[PDB]
file work.tsv (TSV, C-alpha atoms)
chain	number	residue	atom	x	y	z
A	111	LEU	CA	112.69	100.16	107.19
A	112	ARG	CA	114.31	101.71	104.10
A	113	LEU	CA	116.30	103.78	106.60
A	114	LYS	CA	117.23	100.47	108.22
A	115	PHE	CA	117.94	98.71	104.90
A	116	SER	CA	120.02	101.69	104.15
A	117	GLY	CA	122.97	100.90	106.35
A	118	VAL	CA	122.62	97.13	106.72
A	119	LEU	CA	124.07	94.09	104.97
A	120	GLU	CA	122.49	90.97	106.41
A	121	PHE	CA	122.18	87.31	105.44
A	122	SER	CA	118.43	87.04	106.08
A	123	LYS	CA	117.42	83.41	105.34
A	124	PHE	CA	115.30	81.94	108.13
A	125	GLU	CA	111.66	81.06	108.90
A	126	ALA	CA	109.40	80.39	111.95
A	127	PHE	CA	105.67	79.45	112.13
A	128	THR	CA	104.32	76.65	109.83
A	129	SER	CA	101.82	77.52	107.06
A	130	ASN	CA	99.41	74.98	108.63
A	131	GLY	CA	100.60	75.18	112.27
A	132	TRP	CA	97.54	77.41	112.82
A	133	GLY	CA	94.59	75.30	114.01
A	134	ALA	CA	91.18	74.81	112.37
A	135	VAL	CA	91.65	77.36	109.59
A	136	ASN	CA	91.85	76.91	105.83
A	137	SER	CA	95.64	76.79	105.61
A	138	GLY	CA	96.25	76.52	101.86
A	139	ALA	CA	93.88	78.77	99.91
A	140	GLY	CA	95.90	81.96	99.49
A	141	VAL	CA	95.00	82.72	95.87
A	142	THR	CA	94.53	86.32	94.72
A	143	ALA	CA	94.09	87.81	91.25
A	144	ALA	CA	96.27	90.72	92.40
A	145	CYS	CA	99.34	88.66	93.38
A	146	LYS	CA	99.05	86.47	90.28
A	147	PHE	CA	101.97	84.05	89.96
A	148	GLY	CA	102.14	84.64	86.23
A	149	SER	CA	99.37	82.63	84.61
A	150	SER	CA	98.22	81.20	87.95
A	151	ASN	CA	96.83	82.94	91.04
A	152	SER	CA	98.73	83.23	94.33
A	153	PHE	CA	99.74	85.59	97.14
A	154	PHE	CA	102.88	86.97	98.82
A	155	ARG	CA	105.21	84.18	99.88
A	156	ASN	CA	106.41	85.60	103.21
A	157	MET	CA	102.73	85.89	104.23
A	158	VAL	CA	99.92	83.33	104.58
A	159	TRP	CA	96.35	84.51	104.01
A	160	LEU	CA	94.04	82.50	106.27
A	161	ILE	CA	90.34	81.75	105.74
A	162	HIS	CA	87.63	80.01	107.75
A	163	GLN	CA	87.84	76.23	108.09
A	164	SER	CA	84.57	74.45	107.28
A	165	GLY	CA	82.72	77.69	107.97
A	166	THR	CA	84.67	78.30	111.19
A	167	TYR	CA	87.41	80.89	111.76
A	168	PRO	CA	88.35	80.49	115.44
A	169	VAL	CA	90.59	82.64	117.63
A	170	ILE	CA	94.07	81.54	116.58
A	171	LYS	CA	97.29	82.35	118.42
A	172	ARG	CA	101.01	81.55	118.23
A	173	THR	CA	104.26	82.77	119.78
A	174	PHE	CA	107.86	82.98	118.57
A	175	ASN	CA	110.86	83.01	120.90
A	176	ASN	CA	113.86	84.60	119.16
A	177	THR	CA	116.59	82.17	120.21
A	178	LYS	CA	118.64	83.16	117.14
A	179	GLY	CA	120.49	85.78	119.19
A	180	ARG	CA	120.06	88.57	116.64
A	181	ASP	CA	117.44	90.97	115.32
A	182	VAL	CA	114.76	89.20	113.28
A	183	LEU	CA	112.61	91.24	110.89
A	184	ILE	CA	109.07	89.82	111.01
A	185	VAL	CA	106.44	91.12	108.59
A	186	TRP	CA	102.69	90.59	108.80
A	187	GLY	CA	99.59	92.17	107.31
A	188	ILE	CA	95.91	92.89	107.84
A	189	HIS	CA	93.04	92.77	105.35
A	190	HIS	CA	90.59	95.66	104.98
A	191	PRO	CA	87.65	94.14	103.05
A	192	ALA	CA	85.50	96.06	100.60
A	193	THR	CA	82.13	94.83	101.91
A	194	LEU	CA	80.84	93.13	105.04
A	195	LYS	CA	79.93	90.15	102.85
A	196	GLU	CA	83.58	89.51	101.98
A	197	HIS	CA	84.47	89.50	105.68
A	198	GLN	CA	81.67	87.00	106.33
A	199	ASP	CA	82.72	84.79	103.40
A	200	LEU	CA	86.34	84.73	104.57
A	201	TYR	CA	86.33	84.88	108.39
A	202	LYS	CA	82.69	83.84	109.06
A	203	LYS	CA	82.18	86.83	111.37
A	204	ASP	CA	81.24	90.47	110.88
A	205	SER	CA	84.18	91.98	112.79
A	206	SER	CA	87.57	90.80	113.98
A	207	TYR	CA	90.89	91.95	115.41
A	208	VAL	CA	94.64	91.33	115.20
A	209	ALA	CA	96.38	91.56	118.59
A	210	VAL	CA	100.19	91.49	118.39
A	211	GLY	CA	102.48	91.84	121.37
A	212	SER	CA	105.97	91.18	122.74
A	213	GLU	CA	108.30	92.60	125.39
A	214	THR	CA	108.28	95.75	123.22
A	215	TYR	CA	105.28	95.74	120.87
A	216	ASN	CA	101.58	96.23	121.66
A	217	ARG	CA	99.04	96.78	118.88
A	218	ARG	CA	95.41	95.72	118.40
A	219	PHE	CA	94.38	96.35	114.82
A	220	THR	CA	90.94	95.91	113.30
A	221	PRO	CA	89.85	95.60	109.66
A	222	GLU	CA	88.04	98.68	108.36
A	223	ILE	CA	85.43	97.80	105.72
A	224	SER	CA	84.59	100.13	102.81
A	225	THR	CA	84.37	99.92	99.03
A	226	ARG	CA	87.21	101.71	97.21
A	227	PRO	CA	88.22	102.08	93.56
A	228	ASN	CA	89.85	98.95	92.21
A	229	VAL	CA	93.64	98.58	92.18
A	230	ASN	CA	94.71	95.32	90.51
A	231	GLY	CA	90.98	94.53	90.47
A	232	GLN	CA	90.54	94.74	94.26
A	233	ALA	CA	88.24	97.10	96.16
A	234	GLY	CA	89.77	96.00	99.47
A	235	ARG	CA	93.19	96.91	100.84
A	236	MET	CA	95.90	95.46	103.06
A	237	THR	CA	97.98	97.32	105.64
A	238	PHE	CA	101.32	95.60	106.23
A	239	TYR	CA	103.38	95.97	109.39
A	240	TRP	CA	106.97	95.10	110.24
A	241	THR	CA	108.78	94.68	113.55
A	242	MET	CA	112.31	93.70	114.57
A	243	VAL	CA	112.24	91.03	117.28
A	244	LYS	CA	115.35	91.70	119.36
A	245	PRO	CA	117.34	88.67	120.59
A	246	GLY	CA	115.49	86.50	123.13
A	247	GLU	CA	112.24	88.45	122.76
A	248	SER	CA	108.92	86.59	122.55
A	249	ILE	CA	106.22	87.88	120.20
A	250	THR	CA	102.62	86.64	120.17
A	251	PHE	CA	100.16	86.90	117.28
A	252	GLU	CA	96.45	86.47	118.04
A	253	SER	CA	93.44	87.01	115.79
A	254	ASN	CA	89.94	86.01	114.70
A	255	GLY	CA	89.85	87.46	111.18
A	256	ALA	CA	91.43	89.78	108.62
A	257	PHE	CA	94.79	88.29	109.59
A	258	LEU	CA	97.76	87.82	107.27
A	259	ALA	CA	99.88	85.32	109.17
A	260	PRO	CA	103.66	85.78	109.33
A	261	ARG	CA	105.50	82.87	107.73
A	262	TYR	CA	108.96	83.95	106.53
A	263	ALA	CA	110.98	86.26	108.78
A	264	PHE	CA	114.44	87.75	108.25
A	265	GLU	CA	117.27	87.25	110.74
A	266	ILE	CA	119.61	90.22	110.27
A	267	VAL	CA	123.18	88.89	110.24
A	268	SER	CA	125.67	91.65	109.36
A	269	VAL	CA	124.36	95.05	110.45
A	270	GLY	CA	126.49	97.18	108.12
A	271	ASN	CA	126.32	100.52	106.28
A	272	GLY	CA	124.97	99.76	102.78
A	273	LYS	CA	122.38	101.99	101.13
A	274	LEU	CA	119.45	101.83	98.67
A	275	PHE	CA	119.90	103.34	95.21
A	276	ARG	CA	117.19	104.15	92.72
A	277	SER	CA	119.41	103.51	89.69
A	278	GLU	CA	118.75	102.26	86.16
A	279	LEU	CA	121.93	100.24	85.56
A	280	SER	CA	123.28	96.69	85.83
A	281	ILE	CA	125.82	94.80	87.98
A	282	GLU	CA	129.37	94.96	86.53
A	283	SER	CA	132.73	94.04	88.19
A	284	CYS	CA	134.45	93.84	91.62
A	285	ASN	CA	137.21	96.39	90.95
A	286	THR	CA	136.13	99.64	92.63
A	287	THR	CA	137.13	102.09	95.35
A	288	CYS	CA	133.96	104.22	95.44
A	289	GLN	CA	130.45	103.71	94.06
A	290	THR	CA	127.80	106.23	92.94
A	291	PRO	CA	124.32	105.70	91.44
A	292	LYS	CA	125.51	106.33	87.86
A	293	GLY	CA	128.96	104.75	88.07
A	294	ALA	CA	132.11	103.82	89.92
A	295	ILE	CA	135.01	106.15	90.71
A	296	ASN	CA	138.63	105.32	91.63
A	297	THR	CA	140.70	108.18	93.07
A	298	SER	CA	142.01	109.40	96.40
A	299	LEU	CA	141.40	113.02	95.30
A	300	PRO	CA	139.57	114.97	98.04
A	301	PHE	CA	136.55	116.26	96.06
A	302	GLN	CA	133.92	115.05	93.59
A	303	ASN	CA	131.03	116.63	91.70
A	304	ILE	CA	129.65	113.19	90.89
A	305	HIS	CA	126.72	112.91	93.34
A	306	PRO	CA	126.32	113.01	97.14
A	307	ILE	CA	125.05	109.44	97.58
A	308	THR	CA	128.25	107.38	97.62
A	309	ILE	CA	129.43	104.12	99.20
A	310	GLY	CA	133.02	103.19	100.01
A	311	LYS	CA	136.09	105.28	100.79
A	312	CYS	CA	134.79	108.22	98.80
B	212	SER	CA	89.48	120.92	126.54
B	213	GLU	CA	89.63	124.19	124.61
B	214	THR	CA	92.77	122.92	122.83
B	215	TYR	CA	93.05	119.17	123.46
B	216	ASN	CA	90.73	116.57	121.87
B	217	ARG	CA	91.49	112.84	122.20
B	218	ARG	CA	89.63	109.61	122.98
B	219	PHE	CA	91.95	106.68	123.63
B	220	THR	CA	91.13	102.99	124.02
B	221	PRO	CA	93.00	100.08	125.63
B	222	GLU	CA	94.86	97.53	123.49
B	223	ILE	CA	94.46	94.02	124.95
B	224	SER	CA	97.00	91.62	123.45
B	225	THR	CA	98.99	88.62	124.65
B	226	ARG	CA	102.31	90.09	125.71
B	227	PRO	CA	105.02	88.38	127.78
B	228	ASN	CA	104.79	89.60	131.35
B	229	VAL	CA	107.73	91.98	131.49
B	230	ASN	CA	107.91	93.03	135.15
B	231	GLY	CA	105.44	90.25	135.88
B	232	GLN	CA	102.79	92.29	134.02
B	233	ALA	CA	101.57	91.06	130.64
B	234	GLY	CA	99.55	94.24	130.09
B	235	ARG	CA	101.04	97.66	129.40
B	236	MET	CA	100.57	101.28	130.46
B	237	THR	CA	100.75	104.07	127.88
B	238	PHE	CA	101.27	107.41	129.62
B	239	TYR	CA	100.28	110.83	128.32
B	240	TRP	CA	101.14	114.39	129.30
B	241	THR	CA	99.79	117.83	128.43
B	242	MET	CA	100.51	121.44	129.34
B	243	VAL	CA	97.35	123.16	130.53
B	244	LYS	CA	98.05	126.78	129.60
B	245	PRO	CA	96.95	129.76	131.74
B	246	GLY	CA	93.17	129.84	132.26
B	247	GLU	CA	92.09	126.54	130.73
B	248	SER	CA	89.59	123.86	131.73
B	249	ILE	CA	90.49	120.25	130.90
B	250	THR	CA	87.96	117.42	131.23
B	251	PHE	CA	88.80	113.76	131.88
B	252	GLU	CA	86.11	111.16	131.16
B	253	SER	CA	86.42	107.40	131.17
B	254	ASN	CA	84.81	103.99	131.59
B	255	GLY	CA	87.94	101.89	132.07
B	256	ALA	CA	91.66	101.43	131.45
B	257	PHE	CA	92.23	104.82	133.06
B	258	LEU	CA	94.92	106.15	135.40
B	259	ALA	CA	93.49	109.25	137.02
B	260	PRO	CA	95.90	112.22	137.02
B	261	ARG	CA	96.35	112.53	140.78

call {"tool": "encode", "arguments": {"input": "work.tsv", "output": "C-alpha cells"}}
result
Amino acid sequence: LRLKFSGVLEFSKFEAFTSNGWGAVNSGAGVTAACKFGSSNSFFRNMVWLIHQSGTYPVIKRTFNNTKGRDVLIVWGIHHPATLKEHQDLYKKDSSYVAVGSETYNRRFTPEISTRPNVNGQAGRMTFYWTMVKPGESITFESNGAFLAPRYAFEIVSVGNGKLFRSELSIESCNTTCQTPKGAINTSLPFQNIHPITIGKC
Amino acid sequence: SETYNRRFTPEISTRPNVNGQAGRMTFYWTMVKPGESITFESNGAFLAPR
C-alpha cells in the first residue's frame, strides 16, 4: 500500500457502514489507553471496535456495493487478545472468526490469544488489513468476535504518480520544476547528483 | 511427502456468487521429482488430483 500510495494522488473523502448500523452490539465503547485522544481515551477513527451488547455478541454481517465507480480503499482490523478472559469480557465467547469476502477477496481470520510484552500498555495486538474494492464489487464482512469494523473507507480519485518521502523539512512554495527529498531544483540540464528519488520533469 | 509439508483448511465466508458460486476454489500444484512418494489426506473441501 506504500507502493500504491507511491504513485497515486487521490481525493479520498468518503464513508460507508454506520458506527451503529451493526445490530445488538455495543456500538460506542471504543476507548483504549493506547489510542489516547490526548487526555481522554479513544481508538482509531476509521475503525470501530465492537463489544458484546448486554452480554451478547451475535454473528454480525454487512455488505458494501461499490457504486462509486472507482477503487475504494477499505481498511479493517482484528484483535488478538492477551488472555482468554479478555476475549470473554469483550465478545462473550471463547473463540471467534472474521470472514471477509467479495468477488475477489476470501479470508477467514481468527484471533490468536497469548500474553506478550506490553507496547503502549497492551499485551494484546491487532492485525490490520486493507483491500481495494474495485468499481461495482460487493464486499461482505461477517464476524462473531475480535472484529474491528470498517467505518471510513477511501475512494481513490486521481490515480497519479506521486511518491512517499521520508524527509525532515517543511512545505514552502509553488514555484518548482523538480523536487527532491532535501530540496527543489530548477534546470533542464541532463544530469544531477542530488538524489535518485525525484518528482517532476527531472 | 519427502519434500512437501502442508495442511490447508477451507475458508467459508459470504462472497457474492461470481459464476453463480459464492464459494471459491484455491488450486495448488507441485512437481513430484524422480522417485518420490506424495500422500494426500483429507476430510473435506478437497479436489482429488485425478

call {"tool": "atom_distance", "arguments": {"input": "work.tsv", "atom1": "atom CA of residue 255 of chain B", "atom2": "atom CA of residue 218 of chain B"}}
result
12.0 Å

call {"tool": "residues_around", "arguments": {"input": "work.tsv", "residues": "residue 221 of chain A", "least_positions_apart": "6", "cutoff": "10 Å", "atoms": "only C-alpha atoms", "output": "PDB file with C-alpha atoms, in the frame of the given file"}}
result
ATOM      1  CA  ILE A 188      95.910  92.890 107.840  1.00  0.00           C
ATOM      2  CA  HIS A 189      93.040  92.770 105.350  1.00  0.00           C
ATOM      3  CA  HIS A 190      90.590  95.660 104.980  1.00  0.00           C
ATOM      4  CA  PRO A 191      87.650  94.140 103.050  1.00  0.00           C
ATOM      5  CA  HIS A 197      84.470  89.500 105.680  1.00  0.00           C
ATOM      6  CA  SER A 205      84.180  91.980 112.790  1.00  0.00           C
ATOM      7  CA  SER A 206      87.570  90.800 113.980  1.00  0.00           C
ATOM      8  CA  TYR A 207      90.890  91.950 115.410  1.00  0.00           C
ATOM      9  CA  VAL A 208      94.640  91.330 115.200  1.00  0.00           C
ATOM     10  CA  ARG A 235      93.190  96.910 100.840  1.00  0.00           C
ATOM     11  CA  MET A 236      95.900  95.460 103.060  1.00  0.00           C
ATOM     12  CA  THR A 237      97.980  97.320 105.640  1.00  0.00           C
ATOM     13  CA  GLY A 255      89.850  87.460 111.180  1.00  0.00           C
ATOM     14  CA  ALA A 256      91.430  89.780 108.620  1.00  0.00           C
ATOM     15  CA  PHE A 257      94.790  88.290 109.590  1.00  0.00           C
TER      16      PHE A 257
END

call {"tool": "residues_around", "arguments": {"input": "work.tsv", "residues": "residue 170 of chain A", "least_positions_apart": "4", "cutoff": "7 Å", "atoms": "only C-alpha atoms", "output": "JSON, numbers by chain"}}
result
{"A": [132, 133, 252, 253, 254]}

call {"tool": "interface_residues", "arguments": {"input": "work.tsv", "of": "chain A", "to": "chain B", "cutoff": "10 Å", "atoms": "only C-alpha atoms", "output": "count of residues only"}}
result
22

call {"tool": "residues_near_point", "arguments": {"input": "work.tsv", "point": "(91.7, 81.1, 104.6)", "cutoff": "6 Å", "atoms": "all atoms listed in the file", "output": "MDAnalysis selection string"}}
result
chainID A and resid 136:137 139 159:162

call {"tool": "atom_distance", "arguments": {"input": "work.tsv", "atom1": "atom CA of residue 302 of chain A", "atom2": "atom CA of residue 114 of chain A"}}
result
26.6 Å

call {"tool": "atom_distance", "arguments": {"input": "work.tsv", "atom1": "atom CA of residue 122 of chain A", "atom2": "atom CA of residue 274 of chain A"}}
result
16.6 Å

call {"tool": "residues_near_point", "arguments": {"input": "work.tsv", "point": "(105.4, 90.1, 111.6)", "cutoff": "9 Å", "atoms": "only C-alpha atoms", "output": "count of residues only"}}
result
20

call {"tool": "residues_around", "arguments": {"input": "work.tsv", "residues": "residue 164 of chain A", "least_positions_apart": "3", "cutoff": "9 Å", "atoms": "all atoms listed in the file", "output": "list in words"}}
result
residues 134, 135, 136 and 167 of chain A

call {"tool": "residues_around", "arguments": {"input": "work.tsv", "residues": "residue 258 of chain B", "least_positions_apart": "5", "cutoff": "10 Å", "atoms": "all atoms listed in the file", "output": "list in words"}}
result
residues 236, 237, 238 and 253 of chain B

call {"tool": "residues_around", "arguments": {"input": "work.tsv", "residues": "residue 249 of chain B", "least_positions_apart": "4", "cutoff": "9 Å", "atoms": "only C-alpha atoms", "output": "mmCIF file with C-alpha atoms, keeping the file's coordinate frame"}}
result
data_model
loop_
_atom_site.group_PDB
_atom_site.id
_atom_site.type_symbol
_atom_site.label_atom_id
_atom_site.label_comp_id
_atom_site.auth_asym_id
_atom_site.auth_seq_id
_atom_site.Cartn_x
_atom_site.Cartn_y
_atom_site.Cartn_z
ATOM 1 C CA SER B 212 89.480 120.920 126.540
ATOM 2 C CA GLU B 213 89.630 124.190 124.610
ATOM 3 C CA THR B 214 92.770 122.920 122.830
ATOM 4 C CA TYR B 215 93.050 119.170 123.460
ATOM 5 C CA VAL B 243 97.350 123.160 130.530
#

call {"tool": "closest_residue", "arguments": {"input": "work.tsv", "among": "A:117, A:306, A:140, A:231", "to": "residue 156 of chain A", "atoms": "all atoms listed in the file"}}
result
A:140

call {"tool": "closest_residue", "arguments": {"input": "work.tsv", "among": "A:182, A:145, A:295, A:119", "to": "residue 264 of chain A", "atoms": "only C-alpha atoms"}}
result
A:182
